[PDB]
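Peer 1:
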Ligand SMILES: CC(=O)N[C@@H](C)C(=S)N1C[C@H](O)C[C@H]1C(=S)NCc1ccc(-c2scnc2C)cc1
């Protein structure tokens with residue numbers, strides 16, 4: 004399975020499966036193996052990568068789906084990222 | 256268009272809330288109007304009397320966020336095989352990250368203060384356009 | 003049963019999964035493919051505890067109900083340059099801002 008690199012504004016390099024990252028239409032356009040995010044800090048982009056894993060695990064699944072958690076401290080910045088990424 | 260059929264053929268049902276939300280059952284009556292029923296706490300269930308061909312959908316009772324029932328939008332009671340009740344498993348959907356983010360922001364900020372938040376004007380309109388049963392009924396049409 | 007992990011060294015973070023029944027050594031083989039460094043130049047840690055190559059992830063505390071997709075468990079990583087291993091170093095993420103007045 005091919006992996007891709009997503010880099011935050013503060014320099015954290017996140018490495019995730021290509022398939023997982025293709026959840027975002029925006030990221031698919033930026034690729035079609037590294038992508039730099041000048042506006043997304045590592046504490047937003049780490050949560051974004053967790054959402055990918057969650058989304059692939061529980062999509063088309065009959066087993067009980069749990070709540071995706073979001074702390075109040077990151078909601079605003081994360082809303083703006085999800086809107087840009089379209090996921 | 257979306258309305259219960261008047262069959263008068265009884266059907267026992269178990270509403271089972273397998274979500275972390277407080278659930279509001281909604282029966283679509285014979286004129287297509289949504290009727291609200293008493294709420295179900297998280298992890299609880301109730302045995303109820305409905306009829307065959309009657310339409311039901313389910314929401315979060317506080318925020319009207321959409322929930323699924325047996326994997327889908329609507330529930331219609333079917334014929335009871337060997338007098339056994341039909342199970343209606345209410346669950347969370349896999350929300351989009353955007354809609355999940357809007358749920359959390361709506362729960363922290365009061366409606367009046369949405370326009371004071373430092374975001375694009377399209378995100379004010381996404382926040383203010385809060386989930387609604389009558390909108391989704393037009394959407395399923 | 004699958005467990006979901008963040009493997010972290012310096013400013014690098016790998017998101018991946020594995021079985022509870024799989025070994026520490028087998029996880030190093032996953033790192034070898036991504037980061038291009040063989041198992042014998044790697045050290046894996048649960049907090050400040052070095053992990054043995056032969057032990058299963060379940061024995062080292064990575065269970066399917068604690069290491070979840072929406073909240074994965076962290077595994078420290080440290081490379082060997084030439085002769086000796088480096089000290090374990092995991093750079094923290096950025097701090098969020100203060101809650102705006104309206105969200106309080
Ligand atoms: C002639 C006819 O069909 N009349 C309708 C108004 C009837 S009797 N209905 C509409 C739906 O098919 C359900 C049924 C009613 S009102 N059943 C009684 C009932 C009462 C409470 C509940 C609920 S829902 C959550 N908690 C409770 C106790 C469920 C069913």
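Residue numbers (the working numbering), protein chains in the order written: chain F, 4 to 90; chain R, 256 to 396; chain D, 3 to 106. For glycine and all other residues, C-beta sits at the position ideal for the given N, C-alpha and C.
1) Could you tell me which of D:72, D:91 and D:69 sits nearest to residue 79 of chain D, measuring between CA atoms?
2) DSSP three-state call for residue 6 of chain F: helix, strand or coil?
3) Do residue 356 of chain R and residue 82 of chain F have their beta-carbon atoms positioned less than 8 Å apart in this structure?
4) Mind checking if residue 92 of chain D is an interface residue toward chain F, Cβ cutoff 8 Å exclusive?
5) Within 8 Å of any Cβ in chain F, is that where the Cβ of residue 73 of chain D sits?
6) Does the CB of residue 58 of chain D have a neighbour CB from chain F at under 8 Å?
7) Assuming residue 40 of chain F and residue 48 of chain F form a contact by the criterion Cβ under 8 Å, report the distance between their Cβ atoms to the nearest whole angstrom.
8) Could you check if residue 269 of chain R is buried or exposed, using at least 16 other CB atoms within 10 Å of its CB as the buried criterion?
9) Which residues, in chain order, does the region 4-20 of chain D contribute to contact with chain F at a C-beta distance below 7 Å?
10) Classify residue 291 of chain R as helix, strand or coil using the three-state DSSP reduction.
11) How should residue 42 of chain D be labelled, buried or exposed, when 16 other C-beta atoms within 10 angstroms of its C-beta is the threshold for buried?
12) Answer with yes or no whether the minimum CB distance from residue 349 of chain R to chain D is below 8 Å.
13) What's the call for residue 325 of chain R, buried or exposed, on a 16-neighbour Cβ count within 10 Å?
14) What residue range is occupied by the uninterrupted beta strand (DSSP E) comprising residue 21 of chain D?
15) Can you tell me which of D:11, D:4, D:6 and D:15 puts its alpha carbon nearest to the alpha carbon of residue 44 of chain D?
16) Considering Cα atoms alone, identify which of D:27, D:50 and D:48 is closest to residue 39 of chain D.
17) Using a Cβ-Cβ cutoff of 7 Å, what residues of the region 307-328 of chain R are near chain D? List them in chain order.
18) Is DSSP giving residue 137 of chain F helix, strand or coil here?
19) Measuring CA to CA, which of R:278, R:322, R:349 and R:335 is closest to residue 306 of chain R?
20) Is residue 278 of chain R closer than 8 Å to residue 316 of chain R when the C-beta atoms are compared?
21) First and last residue of the alpha helix (DSSP H) that includes residue 22 of chain F?
22) Whole angstroms are fine: how far does the CA of residue 318 of chain R sit from the CA of residue 330 of chain R?
23) Taking 8 Å as the CB-CB limit, is residue 98 of chain D close to chain F?
24) Shorter than 7 Å, the distance from the beta carbon of residue 12 of chain D to the closest heavy atom of ligand 1, or not?
25) Tell me whether residue 293 of chain R, by its Cβ, gets closer than 7 Å to a heavy atom of ligand 1.
26) Given a limit of 8 Å on CB to CB distance, which residues of the region 351-362 of chain R reach chain F?
27) Output needed in chain order: residues of the region 376-392 of chain R with a Cβ under 7 Å from some Cβ in chain D.
28) For residue 344 of chain R, which option in R:313, R:265, R:369 and R:362 has the closest C-alpha, if you only look at C-alpha atoms?
29) Report the rounded CA-to-CA distance for residue 75 of chain F versus residue 71 of chain D, giving the unit in angstroms.
30) Whole angstroms is fine: what's the gap from residue 320 of chain R's alpha carbon to residue 386 of chain R's?
Peer 2: Taking the coordinates as given:
1) In the third chain, counting from the first residue as 1, residue 79 of chain D sits at position 77. Considering only alpha carbons, the answer is D:91.
2) Sequence index remark: in the first chain, residue 6 of chain F carries index 3 (1-based). It is a strand residue.
3) In the first chain, counting from the first residue as 1, residue 82 of chain F sits at position 79. In the second chain, counting from the first residue as 1, residue 356 of chain R sits at position 101. In this structure, residue 356 of chain R lies closer than 8 Å to residue 82 of chain F by Cβ.
4) Taking the third chain and counting its residues from 1, one reaches residue 92 of chain D at position 90. With 8 Å as the cut-off, residue 92 of chain D does not count as an interface residue toward chain F.
5) Walking along the third chain from the start, residue 73 of chain D turns up at place 71. Yes, because at least one Cβ of chain F sits closer than 8 Å to the Cβ of residue 73 of chain D.
6) Start at 1 with the first residue of the third chain, and residue 58 of chain D comes out as number 56. No, its Cβ sits nowhere closer than 8 Å to a Cβ of chain F.
7) Locating residue 40 of chain F in the first chain gives position 37, where the first residue counts as 1. Locating residue 48 of chain F in the first chain gives position 45, where the first residue counts as 1. With 8 Å as the limit, residue 40 of chain F and residue 48 of chain F qualify as a contact, their Cβ atoms being about 6 Å apart.
8) Along the second chain, one-based indexing puts residue 269 of chain R at 14. Residue 269 of chain R comes out exposed.
9) 6, 13, 14, 15, 16 and 17
10) Reading the second chain from its first residue, position 36 is the one you call residue 291 of chain R. Three-state result, residue 291 of chain R: strand.
11) Position 40 of the third chain, counting from 1, holds the residue named residue 42 of chain D. The residue is exposed, with fewer than 16 neighbouring Cβ atoms inside 10 Å.
12) Position 94 of the second chain, counting from 1, holds the residue named residue 349 of chain R. No, its Cβ sits nowhere closer than 8 Å to a Cβ of chain D.
13) Working through the second chain from its first residue, we reach residue 325 of chain R at position 70. Label assigned to residue 325 of chain R: exposed.
14) Along the third chain, one-based indexing puts residue 21 of chain D at 19. Unbroken beta strand (DSSP E) run through residue 21 of chain D: 14-21.
15) For the purposes of this step, residue 44 of chain D is identified with residue 42 of the third chain, where counting begins at 1. Nearest option by C-alpha distance: D:11.
16) Counting from 1 along the third chain, the entry for residue 39 of chain D is found at position 37. For residue 39 of chain D, the nearest C-alpha among the options comes from D:27.
17) none
18) Shown here, chain F extends from 4 to 90; a query on residue 137 of chain F therefore has no answer.
19) Position 51 of the second chain, counting from 1, holds the residue named residue 306 of chain R. The candidate whose alpha carbon is nearest that of residue 306 of chain R is R:335.
20) What you label residue 316 of chain R is simply residue 61 of the second chain in a count that begins at 1. What you label residue 278 of chain R is simply residue 23 of the second chain in a count that begins at 1. A contact, by the Cβ cut-off of 8 Å.
21) Translated into positions along the first chain, residue 22 of chain F becomes position 19. First-last of the alpha helix (DSSP H) with residue 22 of chain F: 21-24.
22) As a first step, residue 330 of chain R must be located in the second chain, where it is residue number 75. As a first step, residue 318 of chain R must be located in the second chain, where it is residue number 63. One C-alpha to the other measures close to 21 Å.
23) Residue mapping note: residue 98 of chain D aligns to position 96 of the third chain, counting from 1. Output row for residue 98 of chain D: interface = yes.
24) Numbered from 1 along the third chain, position 10 holds the residue referred to as residue 12 of chain D. Flag unset: Cβ of residue 12 of chain D not near ligand 1.
25) Looking up residue 293 of chain R in the second chain gives position 38. Indeed, a heavy atom of ligand 1 lies less than 7 Å from the Cβ.
26) 351, 352, 353, 355, 356, 357, 359 and 360
27) none
28) Here residue 344 of chain R refers to the residue found at position 89 when the second chain is read from its first residue. Per the Cα distances, R:313.
29) By 1-based counting over the first chain, the position of residue 75 of chain F is 72. By 1-based counting over the third chain, the position of residue 71 of chain D is 69. Using only the alpha carbons, I get a separation of about 20 Å.
30) Residue numbering aside, residue 320 of chain R sits at position 65 when the second chain is read from its first letter. Residue numbering aside, residue 386 of chain R sits at position 131 when the second chain is read from its first letter. Approximately 6 Å, taken between the alpha carbons.
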